[PDB]
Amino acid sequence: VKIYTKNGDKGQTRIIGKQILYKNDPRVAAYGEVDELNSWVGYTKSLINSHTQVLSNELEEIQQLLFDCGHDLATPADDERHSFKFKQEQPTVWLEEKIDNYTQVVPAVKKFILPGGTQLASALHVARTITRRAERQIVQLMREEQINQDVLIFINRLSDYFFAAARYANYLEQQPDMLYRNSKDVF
């Protein structure tokens, strides 16, 4: 069992189906960024402590879902042998319910908050911004190729989820958020 094949040593790689692409191809960058986000979520999850245990399982669930998203990003729309498996509806409503809940419980802001606080809150804000980076790359891809737009919907909602969860993480250890001192009332 050798995970190193050396077939990518020249800069090309396989996607789902028969096609090979350069590794800097927008498709390969898109699910590559999703994989980096997925790894960061894993890292975020490893920071869970006794105060924040309630967040542990949904972070693991998000990791499962990112694999589902990345599958589809790796799959060309005109591939006869492989289909899109990701449906946005239920995973996205599930995120929305959490955003709603977490928004309700934490103290309300007007203004932008400093992305920080506890180590977990801060990690969740990093997740937020990696998701948004990945989102940009999915959009780059979408502008050149037919994608499963359900993936975009979910990844879009996901960075709102990370924002909500990060505030909730602060709430769980009673760490106050700090406001951006020059913020207008934006929320």
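Just count from 1 along the sequence shown to find any residue number.
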property	result
Mean Cα B-factor comparison, 118-126 or 50-58, giving the higher one as deposited	50-58
Residue stretch of maximal mean CA temperature factor, 128-136 vs 66-74	66-74
Where the record places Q146 (Cα B-factor, split into thirds across the chain)	highest
Third of the chain's Cα B-factor distribution that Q175 belongs to, per the entry	middle
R167 by Cα B-factor - lowest, middle or highest third of the modelled chain	lowest
